[PDB]
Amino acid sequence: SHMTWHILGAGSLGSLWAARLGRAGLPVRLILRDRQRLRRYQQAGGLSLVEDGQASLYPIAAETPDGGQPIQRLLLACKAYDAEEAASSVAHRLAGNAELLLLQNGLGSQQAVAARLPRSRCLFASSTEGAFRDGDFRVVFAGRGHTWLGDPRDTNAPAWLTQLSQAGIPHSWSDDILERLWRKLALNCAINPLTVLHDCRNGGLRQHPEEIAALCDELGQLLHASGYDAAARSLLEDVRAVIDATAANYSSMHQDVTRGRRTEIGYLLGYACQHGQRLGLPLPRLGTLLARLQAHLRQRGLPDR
């Protein structure tokens, strides 16, 4: 017997983690937004996970942010633009020894979450697992992936990693986790903004070879000035590699705009532009790219941040 896994943000990845953790015998508790969400979830009976067309019900225990026991280990699995507000809703339940697993893409929310929960350890995650919602409390395990974990302040790995190994959650500890998240971010900036502006699948960016190179050019300077020469070196070939590998998919940001939902631009292309200005590094093509993408979002009534 050991620590309960508290899950905040019962979305795509949050339900996928909650299912694999709870079904492997580990103590797991979903933190649902409010009691209405809670009594709906109890009318549903649990989380429904769809694997290769097969649905399975996982009657995981759930609660609201106000009730329950202290939280010593929490998996934050909401969007980056909700992470700070989400973590604050349970700040009254963190224990001081509490550790937080931040399953947020991009950068910005992790620092903002850690700033508001100083008595708690905030670990950074970077995941390539595919999962999408098919109704409330139903998630399809779309694609297998890998999750890098790491703490920039406390680089020693926690002993509960092997619990994730027991649960079949593939992960690797990284001592330079910031180098990981910066690699995924730079890849996002080179691909996703143009997929939205050109309304194309990732394979459509082959028809824009020069423009892809100049963005990787400026994204290369940004990584180099940030201390990641390796990421800056392989960046262009890593971008061209992912393109042909995902040539048939629409990007996550293209899918967000298609559904009329908010994007994570403020923690991806916006954050990268914010960091470049902070580094005194002129990044004009990422700047005009950010301008065109923000106007593209406003044109549809979507938040440009």
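Position 1 is the first residue in the sequence shown; the rest follow in order.
As listed in the deposited structure, the average C-alpha B-factor of 50 to 58 and of 233 to 241 is greater for 233 to 241. Stretch comparison (264 to 272 versus 27 to 35) by mean CA B-factor in the PDB entry places 27 to 35 on top.
Annotation for 88, 188, 111, 97: 97 ranks highest, by Cα B-factor.
The PDB entry gives the largest Cα B-factor of the residues 140, 223, 83, 101 to 223. The entry lists a Cα temperature factor for residue 290 that places it in the lowest third of the chain's modelled residues. Placement of the Cα temperature factor of residue 42 within the chain: highest third of the modelled residues, per the deposited record.
In this PDB entry, residue 247 carries a Cα temperature factor that places it within the middle third of its chain's modelled residues. Residue 146 sits in the lowest third of its chain by CA B factor, as recorded in the PDB entry.
Residue 207: CA B factor lies in the highest third for its chain, per the PDB record.
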